[PDB]
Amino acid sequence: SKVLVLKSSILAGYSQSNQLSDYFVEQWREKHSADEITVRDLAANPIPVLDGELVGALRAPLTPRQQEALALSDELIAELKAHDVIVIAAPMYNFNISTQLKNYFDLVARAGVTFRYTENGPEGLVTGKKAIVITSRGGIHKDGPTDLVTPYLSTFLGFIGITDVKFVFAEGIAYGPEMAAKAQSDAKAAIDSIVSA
């Protein structure tokens, strides 16, 4: 199969979610060595903000920026549809995903391409995929009312067709080195049983 890995942290080499994504990649190479792996770093290779000009590109003549945004949109969507296993690193910043991941989503959700309207409702067109979300947090939010990242990621991914999603959590990072080490260990075992299952 082909694996797509999306990195979205702004902390580069010090990112906890990037370290876990690299672990996921190392283990998939190990266990499934015939597979291809593509990594896109949405912080090191930024997607532009969706503004009032660029929204027109996804929807007569187009401006220079509009033409670039559309070309970028078609590229991102093709890449997404060309891979089988989608890994998404989703650190929580101010109770939301990172703006780096958000901008990718805003260029990826497009009527008649990644979803469509029908009489049985709106319908996702990115089908047959398996997704794994790796979500790191400073505090402890899991299964509680301050975690809106988790259900938002299920809702958005479900909307474009990706209903098979598994979640891996690295929480309690802000409490220090030893809690961060525990988070890393626990998340890595969660990953191990996904890679082998």
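Here the rigid core means the biggest group of C-alpha atoms that line up within 1.5 Å when the two forms are laid on top of each other. All residue numbers refer to positions in the sequence shown, first residue = 1.
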| query | finding |
| --- | --- |
| Higher C-alpha RMS shift from the shown form in 6 other deposited structures of this protein - 115-123 or 102-110, rigid core fit | 115-123 |
| Unresolved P61 in a third or more of other entries flanked by modelled residues | yes |
| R59 to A60: deposited residues without atomic coordinates | 1 to 3 |
| Higher-B stretch (mean Cα B-factor, as the entry records it), 75-83 or 94-102 | 75-83 |
| Segment of higher mean CA temperature factor, 121-129 or 103-111 | 121-129 |
| Highest-ranked of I134, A34, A43, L50 once sorted by CA temperature factor in the record | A34 |
| Ranked against its chain, the third holding the CA B-factor of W28 | highest |
| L4 CA temperature factor, ranked by third within the chain | middle |
| Third assignment of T38 from its chain's C-alpha B-factors | highest |
| Position of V149 among the chain's modelled residues by C-alpha B-factor, lowest, middle or highest third | lowest |
| Ranked C-alpha temperature factor of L54 among modelled chain residues, by third | lowest |
